[PDB]
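Residue numbers (the entry's author numbering), protein chains in the order written: chain A, 255 to 338; chain B, 103 to 194, 260 to 420, 444 to 463, 510 to 840; chain C, 508 to 592; chain D, 235 to 467, 469 to 470, 498 to 700; chain E, 291 to 460, 474 to 706, 756 to 772.
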Amino acid sequence: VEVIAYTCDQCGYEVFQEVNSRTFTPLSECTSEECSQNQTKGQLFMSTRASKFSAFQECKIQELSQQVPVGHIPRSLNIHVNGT
Amino acid sequence: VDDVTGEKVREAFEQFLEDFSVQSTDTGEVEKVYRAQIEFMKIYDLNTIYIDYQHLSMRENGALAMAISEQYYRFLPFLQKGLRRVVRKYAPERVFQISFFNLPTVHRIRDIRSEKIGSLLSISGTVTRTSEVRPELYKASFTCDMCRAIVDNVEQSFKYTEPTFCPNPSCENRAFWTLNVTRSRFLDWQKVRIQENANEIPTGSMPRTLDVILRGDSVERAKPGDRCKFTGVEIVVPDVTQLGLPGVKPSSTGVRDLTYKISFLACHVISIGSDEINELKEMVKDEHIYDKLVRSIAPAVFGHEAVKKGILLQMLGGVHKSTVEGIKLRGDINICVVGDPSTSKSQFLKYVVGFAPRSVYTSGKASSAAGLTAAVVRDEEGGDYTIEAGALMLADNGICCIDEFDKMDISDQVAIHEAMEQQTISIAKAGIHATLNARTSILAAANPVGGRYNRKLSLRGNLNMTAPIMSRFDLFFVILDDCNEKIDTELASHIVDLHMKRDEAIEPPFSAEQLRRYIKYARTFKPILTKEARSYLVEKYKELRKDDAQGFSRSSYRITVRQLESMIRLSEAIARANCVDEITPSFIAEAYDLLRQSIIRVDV
Amino acid sequence: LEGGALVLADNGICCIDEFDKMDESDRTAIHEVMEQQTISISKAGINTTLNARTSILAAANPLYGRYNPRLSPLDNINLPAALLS
Amino acid sequence: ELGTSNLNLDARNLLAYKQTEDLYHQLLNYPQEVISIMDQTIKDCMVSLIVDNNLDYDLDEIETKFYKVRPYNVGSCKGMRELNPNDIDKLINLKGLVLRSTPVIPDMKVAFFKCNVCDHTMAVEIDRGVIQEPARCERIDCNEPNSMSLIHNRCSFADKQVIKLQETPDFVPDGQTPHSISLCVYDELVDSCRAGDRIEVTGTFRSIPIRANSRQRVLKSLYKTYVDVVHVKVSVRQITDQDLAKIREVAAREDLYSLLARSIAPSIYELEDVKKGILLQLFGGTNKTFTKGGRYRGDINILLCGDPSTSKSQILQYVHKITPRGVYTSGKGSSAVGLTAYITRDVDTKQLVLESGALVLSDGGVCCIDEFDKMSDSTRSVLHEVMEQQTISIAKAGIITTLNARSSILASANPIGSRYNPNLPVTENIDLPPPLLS
Amino acid sequence: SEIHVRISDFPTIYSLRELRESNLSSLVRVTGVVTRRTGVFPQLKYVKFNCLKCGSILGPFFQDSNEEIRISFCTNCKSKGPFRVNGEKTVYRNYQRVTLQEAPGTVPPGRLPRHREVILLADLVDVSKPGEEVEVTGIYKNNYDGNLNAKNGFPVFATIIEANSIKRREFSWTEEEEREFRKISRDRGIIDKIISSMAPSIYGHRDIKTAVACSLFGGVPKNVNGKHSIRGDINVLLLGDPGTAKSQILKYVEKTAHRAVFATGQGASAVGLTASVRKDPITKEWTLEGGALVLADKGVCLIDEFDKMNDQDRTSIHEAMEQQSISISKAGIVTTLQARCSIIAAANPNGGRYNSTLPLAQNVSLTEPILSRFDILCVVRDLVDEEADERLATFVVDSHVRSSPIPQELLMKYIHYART
DNA sequence: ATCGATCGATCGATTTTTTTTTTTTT
DNA sequence: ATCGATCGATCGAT
Ligand SMILES: Nc1ncnc2c1ncn2[C@@H]1O[C@H](COP(=O)(O)OP(=O)(O)OP(=O)(O)O)[C@@H](O)[C@H]1O
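Here it is as structure tokens:
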């Protein structure tokens, strides 16, 4: 997922928080303005049906070994597959 | 309310526990008797009780026992508090342990479910990896030195922190510390994990064990690798090692997310899965028992007679003690009976192996070596050189039987002979030094190299083994079998009745049990012949070996001087069977004659 | 778990060398692979027997140093008879 | 009648039939919510069925019993590795044998709570994936703002049992790895699935995040995924009365001692006296425990021997299928340590765990022996123990266990000749020791 | 300016696994086998604080074994000028943690022996040696800590004990003892009662015991400036006889010897007969040991029937008697181990009662060169004689009647007093 | 005006970790 | 680096 969808229940709306790389810091409480400045902040947790997802694959890539120097070692290369 | 809801069952049970569950009257076992369960308990004041769950299922018709089931953990306190209130009513440094038994049914680990939590449940299965005991707190003094502590109470749930109310004082607290062990009441505990039974598990899924801590006097009661009925106290504990499981593991959502796991407490367990002495006096009066003990020996076997007696004789050794300063003189005894295979010599070992307590047996070929030796075990891990006994130690002060020393070759014949000298043996490999105690009566059977005779064979070279291990065991007692048409019909008769589902009615004079208890009565004795007839035994040994000087091609041997030692232990075995101390020369003749035939088997 | 070889070569040919040096652990497996259509593991909690449809061919070297015409058949071979049968 | 509830549904009967044609879709769109109405409707569909028969099952409380659908055969899911992100929650047909079965995991339902006062027992259900406890308060009410006491033994629980499963969908893309599958399950679905068994078990897809530090609130990006285990489909005996009479009839038949033998190994040719033995052993012997001891059992073990590739091995391969508890092992691949007490570390719990050996699982039913001649000398000794005591004594490692093994066994023998050859000594020909042989 | 009493026998006589919270905090004498231990470390003894803002020396505080708290507000003022220890004017003491498992000879069958922590303070520290059979009088407690944040369930303080006292397996001379004890020494005929006190219950050869009396008594090395001390220990050898008391005698010496170790022949009795130890940093530190003789140095060797010994371990046989220092190739660690032990040997002759009239080189498969290290050869007999057993069997029968020599305490003290 | 609870800014503590040389067994 | 608790003040209540 690029952006979690939290839902306020009480105030509702929709929450979208960006996430990059391997991790993120999840928001809590309610950021919704209806719950803003009102004594009661709505509860929220991620809605997986709502939030958008991206397919993520990955692979190491070894050297052909003809490219390699006579010495040293084959170099594996981390790559990450995504989408179609 | 709920205070009284259990309080209701409390007085319901408190009166109930007061009430008599013993229906047996007159002859008995005439009531109460639960109050006597207190009384005899008040005799030793061990602060624990055995009580039947079934009887509570009786009077209340289980309706309260129903409360005993799921509402159990919640309702635990009302049991003893009223009991202690009953104690206060009756008995006088007070904390108690209750043990239920005779539960309606036993439940499998796979049978285990979450609905079973808070509910006492019977379970059984083999023990695994018991742990050493550590004291638990559950009641202690913990309070801040400022202004003063004064607080010892609660904090019983596993934390074990901490003090909350009327800190510090008098400043608001909470605050900090101070746990005082000087005033705390502690108990137990050792930790164990029951392995699920082998016959229960469908192959090959393997069983799933969970940790069972042993609280109460049930601690230390555990013998590892034993299937045992377990009283429930099912409960649960937080598991912080579950991650990537994943959850959902709910949080307090100061955040530590709850993950609770199955931990089955052991509240109660059973290892399963007077007038009798008059019988002795009734037995001790009988003269023919000396013959009768023999005929009562091993009816499953056919004949062989005198061989049987020695079995009993191996079952009661000599003084195996004294005489100072010093060395402790044996003691023990040994036999290895040999002859044509299908002699059913196996009848004897399997007889007493399932007969005498802690009687140990092996194929006597591949233990492999250790077996009796230390492995020595590796790795740990984190260490190495783990010292196993193994094998024949545990039979210590008991009769050990094996087969065909020629099958284990020489390699262990060394230590086998070693245990026969030093008794207890020292052992290790590249590990720490140790000397292990084995004092163990030993018999075995190694088939003849030809399995036949070879009557002209000197038993010395006939056995395919060294004289010292030979001279050490007194004595092997060879026997041979051949066709006798009278006996062939007797064998045809006697043996098939063994095959028979009936008649199984045929019996020896004694119940094996009544003699075994009689054995222990015979075990108590330390008959010592200081009688001058012992002097008569000397020339009897002189007359024993003066003839054996010529020739040496006969049963010699020498004869060994150790033979006189066993000649001692012979009478040591005799007097016990006869129950009289200091024995007699006529008895001395018996053991002497015993050796004679024992030795003559080496003749020809 | 990651399987291969026989499990990987099932429903296909398996070429093999050093067939005498496969020792026992292999021999029994392929001994069972001659029972074919199966691979049996009782190891761990794994009780499974999985189909191996593998086609089997292995070339193996005669007893050292090379084969001796004076040497009788089956004395020269380093493989078990039940394995050759 | 049974009051079993837990209906297994069918799927697909919504097609081809009308109506529900869209429900057939709508169930596949949102299976979770669909089961929610349907498990409840089954209750009323039962209650609606009972009102016609009026008083039923004593009486209205059996309707109070919960009913639920366990739908299966939803389309055809393609292996595992194919799975789409878009497939987030939908019913899935799957197949694989269980790699490992974890110990049952307890889960939250209704959390239990208390305050400093009075102390009072008021609590609230776990409900959502969160537990929200009021700062205060019940009793005295009041307030006051005491910490909320939680006794977890009082609160509700249910079983969720994790199983890692490696599916074998075949059709493997190559070079794709033998991917496995995560599962949680619930209730009866819990523990009802034996490990190592290829199964049709179906469920919606599921993926959920996990804290990276497992301290910090931070979750790691993309969510880990597991099966919803919606439904399962793996693949004392009580015989009906009539064929039992056919047993009494077949017993009246003259050739049953023979005619059964031809049916014992119909695939096998001749060697009937050999079949005759196979015929006897299965029924071999009867228990005599006497007053005490005894127990010679019925257990009888006869070793087969002769020409190589006599298809002697096809019998045991065949007999292995026959016995309810059977045993088959090749020579030299099986070891005396493999016959009893493995006692390996569990290694997931990081603690050594004892395991019954070949002979222990051998215990009960028939056991076949390959290369008994080729068997190690440490081998047959554990067996001689079995040959006599009919039991296995394990004192090794941490604990002493003398365990009973009572089971039939038959060994395959290959003569060293390999031909047994004419004349010669008999026993010396078979190899092995006379004590072992006799 | 300090001492504490070790005191005396205090049953207890409890083993290991049998102990309870009933036994906690109250002194409990305990038995167990010595095991691996840490090196001796300095102990905080008396705490003192140079503090921070508040001034030195503030005076020493008494802590701790082992707590030392809490220094909240003091010495001036309070904090942040808070208490901290300084190297000056602070008394310390030796400290050693130790592992002692319960004795295997006392080990219940098939059950694994339990590990126990062994605390050492003051004189008690380092006095113990690993692998020793020993007694300890400690105080069992839940001590200490308890965190152990790992457990948790069920909450406990992991048990630990420090024995006030320790005793080897299982005595010393004093003035009034030795003084009259000296008066015993003046007699010349004492030599005989040394045979008389040799093995009084054994009878046996007065001659065989003579050799026993020899190595048993020990002797000066003696050093040669600045080179070899030669050999002050006797290598004892016994040619055995079947049925003879020979194996029994060395056992007499066993409880006789102050320091003694008996590994018998092999198969193998404790332990490896040689140093096999390789480390292994990792794991955790591993452990290092030598040959069987490493266990007792200056103490006499006890072995029998080398014929049953492996040739590899038998190399260390001729090895030990030679250089009188132990050495081996495994592995990375490099040292020179010096072990001096009198060496006893009794092995049964090949075959029958007497191997051959021909020279014992014919008698024994064992090489003379390895036998050469043996200064004393104990040969026994004999073919049956009439009065021979009358001289013994009558002696023996009267021996078993139980149910001249010096008291063993004196005679055992005599040699140790002498060797010292 | 005394008392409180309330929020916030103050303070400070917690974030990686198992493989190659071995060794008693036949 | 962020989260965690201490602790400080302030604005309302009685
Ligand atoms: N001269 C003797 N005086 C008293 N007792 C003796 C004598 N010779 C032998 N014995 C008795 O015989 C037994 C000999 O056992 P010991 O412990 O010496 O093993 P061993 O006979 O040396 O073993 P092996 O001869 O096989 O090496 C002892 O119990 C001892 O009482």
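Idealized CB from N, CA, C, for every residue including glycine.
Next on the checklist: Here's a check: name, in chain order, each residue in its chain whose Cβ is nearer than 6 Å to the Cβ of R296 of chain E, leaving out the five neighbours to either side.
Outcome noted: Here the question's residue 296 of chain E lines up with position 6 in the fifth sequence. Taken in chain order, the residues that qualify are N454, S455.
Checklist entry - Which term fits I494 of chain E, buried or exposed, when burial requires 16 or more other beta carbons within 10 angstroms of its beta carbon? => result As a position in the fifth sequence, residue 494 of chain E is number 191, starting the count at 1. When all chains shown are included, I494 of chain E counts as exposed.
Item to check | Chain-ordered chain D contacts of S579 of chain C [CB-CB under 8 Å] | outcome: As a working note, residue 579 of chain C is residue 72 in the third sequence. Simply none; closest approach about 14 Å.
Next on the checklist: For a cutoff of 8 Å on Cβ pairs, would you count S592 of chain C as touching chain D?
Outcome noted: One-based indexing of the third sequence puts residue 592 of chain C at position 85. At least one chain D Cβ lies under 8 Å of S592 of chain C.
Next on the checklist: Per the DSSP calculation, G428 of chain E is bridged to which residue(s)?
Outcome noted: Indexing the fifth sequence from 1 puts residue 428 of chain E at position 138. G428 of chain E is bridged to E:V318.
Checklist entry - Does the beta carbon of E311 of chain E come closer than 8 Å to any beta carbon on chain B? => result As a working note, residue 311 of chain E is residue 21 in the fifth sequence. Chain B, which has a Cβ nearer than 8 Å to the Cβ of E311 of chain E, makes this yes.
Checklist entry - What is the C-beta distance between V599 of chain D and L621 of chain D, in whole angstroms, given that I count them as a contact (C-beta under 8 Å)? => result To locate residue 599 of chain D, count along the fourth sequence from 1; it is residue 337. To locate residue 621 of chain D, count along the fourth sequence from 1; it is residue 359. That belief does not hold up - the Cβ atoms of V599 of chain D and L621 of chain D are roughly 11 Å apart, past 8 Å.
Checklist entry - From which residue to which residue does the beta strand (DSSP E) around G330 of chain D run? => result The residue given as residue 330 of chain D occupies position 96 in the fourth sequence. 330–335 is the span of the beta strand (DSSP E), which, as asked, contains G330 of chain D.
Checklist entry - Assuming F118 of chain B and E162 of chain B make a contact with CB atoms under 8 Å, what is their CB distance in whole Å? => result In the second sequence, the residue the question calls residue 118 of chain B occupies position 16. In the second sequence, the residue the question calls residue 162 of chain B occupies position 60. Right, their Cβ atoms sit about 7 Å apart.
Checklist entry - On the three-state DSSP scale, how would you describe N332 of chain A? => result The count along the first sequence starts at 1 and reaches residue 332 of chain A at position 78. DSSP places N332 of chain A in strand when its eight states are reduced to three.
Checklist entry - Quick one, which residues of the stretch 638–667 of chain D are near chain E if we go by CB-CB under 8 Å, in chain order? => result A657, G660, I661, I662
Next on the checklist: So, for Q613 of chain D: in the same chain, excluding its five sequence neighbours on each side, which residues have a beta-carbon less than 8 Å away from its beta-carbon?
Outcome noted: Along the fourth sequence, read from residue 1 onward, the residue named residue 613 of chain D stands at position 351. For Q613 of chain D, where only same-chain residues beyond five positions count, the Cβ hits under 8 Å are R607.
Item to check | Residues bridged to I678 of chain D (per DSSP) | outcome: As a working note, residue 678 of chain D is residue 416 in the fourth sequence. Note: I678 of chain D sits in a beta bridge opposite D:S680.
Next on the checklist: Comparing C-alpha positions only, which one of D:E295, D:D635, D:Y306, D:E647 sits nearest to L699 of chain D?
Outcome noted: One-based indexing of the fourth sequence puts residue 699 of chain D at position 437. Of the listed residues, the one whose Cα sits closest to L699 of chain D is D:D635.
Checklist entry - Cβ of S618 of chain D within 8 Å of Cβ of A602 of chain B? => result What you label residue 618 of chain D is simply residue 356 of the fourth sequence in a count that begins at 1. What you label residue 602 of chain B is simply residue 366 of the second sequence in a count that begins at 1. No; because the gap between Cβ atoms is not below 8 Å, this pair is not in contact.
Checklist entry - Between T295 of chain B and chain C, is there a C-beta pair that is closer than 8 Å? => result For the purposes of this step, residue 295 of chain B is taken as residue 128 along the second sequence, with counting starting at 1. With 8 Å as the cut-off, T295 of chain B does not count as an interface residue toward chain C.
Checklist entry - Cβ atoms of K611 of chain E and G655 of chain E: under 8 Å apart, would you say? => result In the fifth sequence, the residue the question calls residue 655 of chain E occupies position 352. In the fifth sequence, the residue the question calls residue 611 of chain E occupies position 308. No, the pair does not count as a contact, with Cβ atoms beyond the cut-off.
Item to check | Cβ pair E303 of chain B, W344 of chain B closer than 8 Å | outcome: In the second sequence, residue 303 of chain B corresponds to position 136, counting from 1. In the second sequence, residue 344 of chain B corresponds to position 177, counting from 1. Going by C-beta atoms, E303 of chain B is not nearer than 8 Å to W344 of chain B.
Item to check | Distance between beta carbons of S298 of chain B and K358 of chain B, contact taken as under 8 Å | outcome: As a first step, residue 358 of chain B is located in the second sequence; it is residue number 191 there, counting from the start. As a first step, residue 298 of chain B is located in the second sequence; it is residue number 131 there, counting from the start. Confirmed, Cβ separation roughly 4 Å.
Checklist entry - Helix, strand or coil: which one does DSSP assign to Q395 of chain D? => result Here residue 395 of chain D refers to the residue found at position 161 of the fourth sequence. Coil at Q395 of chain D, not helix or strand.
Checklist entry - Grouping DSSP H, G and I as helix and E and B as strand, with all else coil, what is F641 of chain B? => result The residue given as residue 641 of chain B occupies position 405 in the second sequence. If DSSP states are grouped into helix, strand and coil, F641 of chain B belongs with the helices.
Next on the checklist: Taking the alpha-carbon of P584 of chain E as reference, which of E:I631, E:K765, E:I636, E:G594 has the nearest alpha-carbon?
Outcome noted: Against the fifth sequence, residue 584 of chain E aligns to sequence position 281. Among E:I631, E:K765, E:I636, E:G594, the Cα nearest to that of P584 of chain E belongs to E:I636.
Checklist entry - Using a beta-carbon distance cut-off of less than 9 Å, what residues from the stretch 388–406 of chain E approach chain D? => result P399, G400, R401, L402
Checklist entry - Between which two residues does the beta strand (DSSP E) containing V257 of chain A stretch? => result Translated into positions along the first sequence, residue 257 of chain A becomes position 3. Residues 257–260.
Item to check | Span of the beta strand (DSSP E) around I153 of chain B | outcome: Here residue 153 of chain B corresponds to residue number 51 of the second sequence, with the count starting at 1. Run containing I153 of chain B: 150–154, per the beta strand (DSSP E) assignment.
Checklist entry - What is the C-beta distance between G363 of chain D and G590 of chain B, in whole angstroms, given that I count them as a contact (C-beta under 8 Å)? => result Working through the fourth sequence from its first residue, we reach residue 363 of chain D at position 129. Working through the second sequence from its first residue, we reach residue 590 of chain B at position 354. Contact doesn't hold; Cβ gap of about 59 Å is too wide.
Checklist entry - Any heavy atom of ligand 1 closer than 7 Å to the CB of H556 of chain B? => result Your numbering for residue 556 of chain B matches position 320 in the second sequence. No, ligand 1 has no heavy atom inside 7 Å of this Cβ.
Checklist entry - Comparing the C-beta of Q613 of chain D with each C-beta of chain B, is any distance below 8 Å? => result As a first step, residue 613 of chain D must be located in the fourth sequence, where it is residue number 351. True, the Cβ-Cβ gap to chain B drops below 8 Å.
Checklist entry - Going by DSSP, which residues form a beta bridge with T663 of chain D? => result Position 401 of the fourth sequence, counted from the first residue, corresponds to residue 663 of chain D. For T663 of chain D, which the question treats as bridged, DSSP gives the partners D:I656.
Next on the checklist: I need the straight-line Cα distance from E512 of chain B to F761 of chain B, nearest angstrom please.
Outcome noted: Counted from its first residue, the second sequence places residue 512 of chain B at position 276. Counted from its first residue, the second sequence places residue 761 of chain B at position 525. Looking at the two C-alpha atoms, the distance is approximately 18 Å.
Checklist entry - DSSP state of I297 of chain E, grouped into three classes? => result The residue labelled residue 297 of chain E in the question sits at position 7 within the fifth sequence. Coil, per DSSP.
Next on the checklist: So, with DSSP's three-state summary, where would you put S270 of chain D?
Outcome noted: Indexing the fourth sequence from 1 puts residue 270 of chain D at position 36. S270 of chain D: helix per DSSP, three-state reduction.
Checklist entry - How is the alpha helix (DSSP H) around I668 of chain B delimited, first residue to last? => result Taking the second sequence and counting its residues from 1, the one referred to as residue 668 of chain B is at position 432. Taken as a continuous stretch (DSSP letters only), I668 of chain B belongs to no alpha helix (DSSP H), as it is neither H nor E.
Next on the checklist: Measuring only from the beta carbon, is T547 of chain E closer than 7 Å to any heavy atom that is part of ligand 1?
Outcome noted: Reading the fifth sequence from its first residue, position 244 is the one you call residue 547 of chain E. Yes, since a heavy atom of ligand 1 falls inside the 7 Å radius drawn around the Cβ of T547 of chain E.
Next on the checklist: With a threshold of 8 Å, are at least 3 pairs of Cβ atoms found where one atom belongs to the stretch 573–592 of chain B and the other to the stretch 613–622 of chain B?
Outcome noted: no
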